[PDB]
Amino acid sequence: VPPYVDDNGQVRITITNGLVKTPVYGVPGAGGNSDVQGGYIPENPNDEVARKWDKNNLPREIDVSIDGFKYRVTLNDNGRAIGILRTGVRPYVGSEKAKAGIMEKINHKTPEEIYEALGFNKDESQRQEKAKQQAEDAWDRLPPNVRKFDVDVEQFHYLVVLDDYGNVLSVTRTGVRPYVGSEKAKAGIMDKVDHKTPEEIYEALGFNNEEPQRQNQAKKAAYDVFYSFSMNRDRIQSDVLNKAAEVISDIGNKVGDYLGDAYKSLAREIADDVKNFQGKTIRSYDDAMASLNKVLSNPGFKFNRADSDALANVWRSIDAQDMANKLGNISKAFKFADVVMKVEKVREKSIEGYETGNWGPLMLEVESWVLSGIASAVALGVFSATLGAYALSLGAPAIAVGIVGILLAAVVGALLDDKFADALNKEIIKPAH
């Protein structure tokens, strides 16, 4: 038609002129009649083709067929089988037809009694169990539920796999582009005269020169299609952005008590912006550093060497595994499950920060999450929540609490918006004069 999702349960994407197309969003259209590459991602979430895939418009009743028996299976809101209806029987084979004829016309048995008497119900439980499982798989193959993307970039293909929060689990090249012009002869010669493998031929013709860039494009395109489903944006909102916002809020109460309602106010601007983070991407390392340096270069913001390396001590005593399991309590998103590795690095780079005053390594580490394919929202979510967990365990400086309060607002706000650095300098730092 093309089909929305392929046989293999993958969603197709093609990038032409930097623009993304997918059968999920065609458009037959008008005619037309229909583009094989698919339709563009809709700009408006209440366009027909957008709304079509909203959670509330996905089928709850799935028709499946098992050994000739036809079932309609009802699924709940999470696509789990909570109901079944037997909608049709298997065809005779006997001689059952001649027998059924006698049962019907002579003995006046209703049709369903004919089936009982013929053993059609012997394996009824087993069939229903299969039917439900098959319906549950159909639900997982529905576009907003798809996590496997086949992406065509300049005619190379990449399988991109994502988790339920849009993080990239893998990207793998599955096809290369056809040979063009004099590449055909070159290739035929490399194969038959030189005995090169196809992989070595692709290398020699330059096919790998832009492999990193094309893979980034495919990661992005797959994410953008994944992000285009409201079902998916909403899960990220509940499980990631809302949670991170709540954590930033708690800190605002903790630190606000030792630092005034100017910080309470600021903490609430940050939390609000985290909550409304939407389709934004975290600011660059270079930009984030410049905003952080604006705070760190304030003369009114110096903490004692004793204060700093005691704050480092607290980090040193923190068990990374323990902290990660506590993050695990927030939502499914906080158990990749990496996730200890991200905590352990936040631990060791904060130590570096407190000991040396160099916060670069800490900010670089968050950049590297996103370069790895971790979604901006999740990076921000894990960074916030890890820093938060430290801030709430303190215990027991207790004006060094104000120091971490400034620092957290500084590193977190640096990822969101330069106005937070300004806010820190303008209204909470209080220097001379």
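From 1 onward, residues are counted along the sequence shown.
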Between 272-280 and 163-171 (mean CA B-factor, as deposited), the higher: 272-280
Tell me which stretch has the larger mean Cα B-factor in this entry, 184-192 or 354-362. 354-362
Pick out which of 39, 381, 32, 59 has the highest C-alpha B-factor in the PDB entry. 32
Checking the entry, which one of 310, 142, 244, 75 has the top C-alpha B factor? 310
Chain third (lowest, middle, highest) by recorded CA B-factor, residue given as residue 285: middle
For residue 375, the third of its chain into which the C-alpha B factor falls: lowest
Ranked against its chain, the third holding the CA B-factor of residue 216: lowest
Split the chain's modelled residues into thirds by Cα B-factor; is residue 80 in the lowest, middle or highest one? middle
With respect to C-alpha B-factor, does residue 265 fall in the lowest, middle or highest third of the chain as deposited? middle
